[PDB]
């Protein structure tokens, strides 16, 4: 159809969750919260990627939420625009 995920593999929330196997211990956000926001781990530092838009984010900050960082950086993401 008319939209297409940048990474079809990470379409599943479960698969996004498992990508956080080696999420570093200084990274305060939970794999649960990140995966639920469409994000999976790139395997580099604290850098994550959206399956849908392909946007990438790093250097998470105390008080950051995955959804709001996702939305504010990539507002036109179909995953962002499809949630509730």
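Positions refer to the first chain, counted from 1.
Exercise. Between 12-20 and 69-77, which has the larger average Cα B-factor in the PDB entry?
Worked result: Result of the comparison: 12-20.
Exercise. Can you tell me which third, lowest, middle or highest, the CA B-factor of residue 57 falls into for its chain?
Worked result: Its C-alpha B-factor, which the entry lists for residue 57, ranks in the middle third among residues of this chain.
Exercise. Sorting the chain's CA B-factors, does residue 34 end up in the lowest, middle or highest third?
Worked result: It falls in the bottom third of the chain.
Exercise. Mind checking which third residue 27 falls in for C-alpha B-factor across the chain?
Worked result: For residue 27, the deposited C-alpha B-factor lands in the middle third.
Exercise. Once the chain's modelled residues are ordered by C-alpha B factor and cut into thirds, is residue 48 in the lowest, middle or highest one?
Worked result: Its C-alpha B-factor, which the entry lists for residue 48, ranks in the lowest third among residues of this chain.
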